[PDB]
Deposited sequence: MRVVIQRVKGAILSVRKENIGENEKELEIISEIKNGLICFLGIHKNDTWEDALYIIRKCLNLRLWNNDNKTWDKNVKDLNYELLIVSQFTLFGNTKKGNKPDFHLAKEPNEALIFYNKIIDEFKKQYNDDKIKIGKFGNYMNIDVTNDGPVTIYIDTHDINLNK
């Protein structure tokens, strides 16, 4: 599994003129690429790290407070394109990303888990597999990348 985590002052998600469906203020936004080979353990790691990484400075100390401590929110977006690859070819290909049926199952398990470990009010989501437009207010900015096949 893969995650691009971006720290933000706020993010406004929309769908088709567009109408707003999701919204967060301070917190994180996590672009979530699910790999064909993702066991539920791959998911677990992504979640803990998303919730317990210390990305906010604290009236004193840098890289200290996580999303939970500061009572901030999370926006988890499905990103098939995180495995959009490298080999010669400027077109991407997402045949390394989990098959988009078993993936939707997985993704929604993940969001239960996010809620079950945080607080269900604090996990705002996307329309899985739809076109979205997201205004993001990157703060820093700060961009964490994480890949669970590295372990």
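Asks: Counting from 1 along the deposited sequence, which stretches were left out of the model?
Replies: Sequence ranges with no C-alpha atoms are 17 to 25, 161 to 164.
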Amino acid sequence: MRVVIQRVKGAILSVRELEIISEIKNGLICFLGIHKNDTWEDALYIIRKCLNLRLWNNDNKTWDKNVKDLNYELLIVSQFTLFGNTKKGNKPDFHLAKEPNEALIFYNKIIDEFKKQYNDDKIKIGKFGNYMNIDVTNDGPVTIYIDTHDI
From here on, numbers count along this sequence of modelled residues.
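Throughout, rigid core stands for the largest set of C-alpha atoms superposing within 1.5 Å between the two forms.
Asks: With the rigid core as the fit anchor, does 59 to 67 or 82 to 90 show bigger C-alpha shifts in 9 other deposited structures of this protein?
Replies: Between 59 to 67 and 82 to 90, greater C-alpha deviation in 9 other deposited structures of this protein belongs to 82 to 90.
Asks: Kindly name the stretch, out of 41 to 49 and 93 to 101, whose CA atoms are displaced more from this form in 9 other deposited structures of this protein after the core superposition?
Replies: Of the two stretches, the larger average C-alpha offset in 9 other deposited structures of this protein falls on 93 to 101.
Asks: Does the comparison with other PDB entries of this protein show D139 lacking coordinates in a third or more of them, where both adjacent residues are built?
Replies: Counting only entries that model residues on both sides, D139 is resolved in every one of them.
Asks: Is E17 left out in a third or more of the other entries?
Replies: Yes.
Asks: Would 39 to 47 or 23 to 31 have the larger average of its C-alpha temperature factors, as given in the entry?
Replies: Mean B over CA atoms: larger for 39 to 47.
Asks: Mean Cα B factor from the PDB record: higher for 48 to 56, or higher for 89 to 97?
Replies: The entry gives the higher C-alpha B-factor average to 89 to 97.
Asks: Could you say which of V4, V8, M1, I151 has its CA atom at the highest B factor, as listed in the PDB entry?
Replies: Max CA B-factor in the entry, restricted to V4, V8, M1, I151: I151.
Asks: Test of reading the entry: by CA B factor among the chain's modelled residues, which third contains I111?
Replies: Middle third.
Asks: Please place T81 in the lowest, middle or highest third of its chain by C-alpha B factor as given in the entry.
Replies: Ranked within chain, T81 CA B lands in the highest tercile.
Asks: Thinking about Cα B factors across the chain, which third does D69 belong to?
Replies: Its C-alpha B-factor belongs to the lowest third of this chain's values.
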